[PDB]
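Student: Got a structure for you, written out below as structure tokens; questions coming shortly.
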Amino acid sequence: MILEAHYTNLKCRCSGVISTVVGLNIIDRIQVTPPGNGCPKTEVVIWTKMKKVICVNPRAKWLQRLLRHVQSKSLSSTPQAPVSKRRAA
Numbered sequence: 001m002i003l004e005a006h007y008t009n010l011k012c013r014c015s016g017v018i019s020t021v022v023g024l025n026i027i028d029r030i031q032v033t034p035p036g037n038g039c040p041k042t043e044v045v046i047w048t049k050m051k052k053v054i055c056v057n058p059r060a061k062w063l064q065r066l067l068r069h070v071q072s073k074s075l076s077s078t079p080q081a082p083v084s085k086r087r088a089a
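Each residue of the sequence shown is one higher than the one before, counting from 1 in PDB author numbering.
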């Protein structure tokens with residue numbers, strides 16, 4: 001997912017808020033809308049790859065996982081080999 005941060009002032013149209021957990025693979029873009037003058041509320045607009053415009057609340061706990069995941073680019077390595085010595089022929 002591409003995290004967008006916009007400060008462009010306009011009448012922000014996002015259809016309410018929905019707490020439906022959206023599929024991480026189909027999540028195209030998560031755009032944060034700060035509580036602007038032309039915008040009615042603080043709105044997080046999730047576009048999907050299927051081109052459905054989904055609106056979610058900024059206080060959604062499942063969303064907070066994603067917001068705290070996208071600020072972690074440096075993962076831990078894998079020393080743990082998932083392939084041990086298998087049986088011979």
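Every residue gets a Cβ at the ideal spot worked out from N, C-alpha and C, and that includes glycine.
Which stretch, first to last residue, makes up the beta strand (DSSP E) that contains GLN71?
Tutor: Careful: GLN71 lies outside any beta strand (DSSP E) and carries neither H nor E.
Student: Considering only the alpha carbon of each residue, which of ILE30, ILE54 and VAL83 lies closest to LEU66?
Tutor: Out of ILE30, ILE54 and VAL83, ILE30 has the C-alpha closest to the C-alpha of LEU66.
Student: In terms of DSSP beta bridges, what is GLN31 paired with?
Tutor: In the DSSP output, where bridge partners are listed per residue, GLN31 has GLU4 and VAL45.
Student: Could you check the C-alpha separation between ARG13 and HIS6 for me, to the nearest Å?
Tutor: So the alpha carbons of these two residues sit roughly 14 Å apart.
Student: Would you check if the stretch 40 to 51 and the stretch 10 to 25 touch, i.e. whether three or more CB-CB distances between them fall below 8 Å?
Tutor: They touch, by the three-pair rule.
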